[PDB]
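Same chain, two versions here, written out as structure tokens and called structure 1 and structure 2.
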Structure 1
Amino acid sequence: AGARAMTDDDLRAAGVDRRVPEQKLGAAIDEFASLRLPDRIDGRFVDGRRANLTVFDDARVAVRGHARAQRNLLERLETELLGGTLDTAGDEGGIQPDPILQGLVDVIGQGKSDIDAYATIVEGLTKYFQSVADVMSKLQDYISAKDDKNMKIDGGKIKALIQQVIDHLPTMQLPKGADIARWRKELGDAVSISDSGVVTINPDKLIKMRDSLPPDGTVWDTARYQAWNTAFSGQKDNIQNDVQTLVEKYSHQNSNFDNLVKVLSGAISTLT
């Protein structure tokens, strides 16, 4: 009933602790960055780190947790504001305007939509993110020491892995009523949005990684592999960068939400 929400504590106490989804999201980014391709050093061969796909796992359901907590607080806030003390003949709701209550309701709905949308988008990017990290581990089965001066890389097969990720790239769908124009500008080049609100991920960075590979059975000297490794790993870093940026935008949204329920709560108090 009394949907209390005046301090960051009141929130957390309700389970709405924005620090968690972002810690996990940070966790993953940390994982994705720890990924390394095999290498050859001083004449030796160094295994790479295969992606701990779990770390990704704990990030997305938290983001899914939070959006439920955020959505259950807004709802509680919204039940309180609409009605409260009755009079006689007024179910009051977009029929006999004049009150400012109306305006808060819409603020709320924008709150809903925003919560959902960032949740779906972040859902998807982390999928995409997990897929790429799956590949940076799967492709390591296709690289190995040949001579004590050469490497073997079955790039034809790695091209295969990368392409599968590109064919089953996570598809996103923005809530009914969103201003797609505002969303394309905010999420940037990393993604593209139709007009039905269908969010898709730009496979451009995966394409360059894919087009960078040699054919299956190639044998490389250490200088050649290093060059490829660096070039490959730099594009991977490029992807980390895109996900990091949306993660900051998402924490900003989590922040906006925190101020939102606060203003809404004092507001209800005011009219209370």
Structure 2
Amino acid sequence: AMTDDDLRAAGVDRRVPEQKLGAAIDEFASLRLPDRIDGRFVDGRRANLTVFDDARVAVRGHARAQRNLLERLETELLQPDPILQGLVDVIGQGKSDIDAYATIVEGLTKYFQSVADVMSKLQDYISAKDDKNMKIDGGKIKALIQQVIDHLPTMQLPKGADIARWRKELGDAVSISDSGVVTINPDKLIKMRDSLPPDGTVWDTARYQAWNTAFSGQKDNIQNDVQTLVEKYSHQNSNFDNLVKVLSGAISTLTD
């Protein structure tokens, strides 16, 4: 019964938030540090942050659209009918996942967006000196990265949520407390920060390439974290699409 376009019609299209997130990933990946490319010191790329904003509001909108549909389904479906209780519990579980995921993706997208910001701001603190050396104001950048660390966003799971389950679900890139407060590991940010040098430093093509490779590696590690999160997020959207399809079949079967 419940078909794909049936969900789309109800205003539920996972592809929207999924594409927007992949667009924010493509943007981030497109950012780089200045470097010598084909006999020319080419400055890095400046990020379009609005892309990340688009992804957050789209994730929020999908979440709202999902609960709406879930609520209509639950209300239409309602000693003793074991099927009724079962589905009712499933719905409760679905509702919590919807929120839990929207919150997490939202927070990581803000953190992701904040990194894109420093990846573009630091372009003004790194230039070329001669032709085989670069100048880098490490201090200025360092402070740029610390600002992100200092203002990392904090996320709260839905009341009565299996913390143990989310710890293993979310992975190492994040951290959860017994209160359900999830925080973002600053591991990559710290490494990237402690790689910089004193303001006014000047390294040769080899010294700069060495660091920029190290640095770039940490940034790519940040993008894998979000890619893994996004992939898990999508699997959630599938599960939702599924629960909703079986809920509809149940209503049909049960009516009458």
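Under this definition, the rigid core comprises the largest set of C-alpha atoms superposing within 1.5 Å between the forms. Throughout, residue numbering runs from 1 along the sequence of structure 1.
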State which of the options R40, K205, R49, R64 undergoes a Cα shift of 2 Å or more between structure 1 and structure 2, taking the core as fixed. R40
Keeping the rigid core fixed, what distance in angstrom separates the two C-alpha positions of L187 between structure 1 and structure 2? 0.5
Could you tell me the distance the CA of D147 travels between structure 1 and structure 2 after a rigid core superposition, in angstrom? 2.1
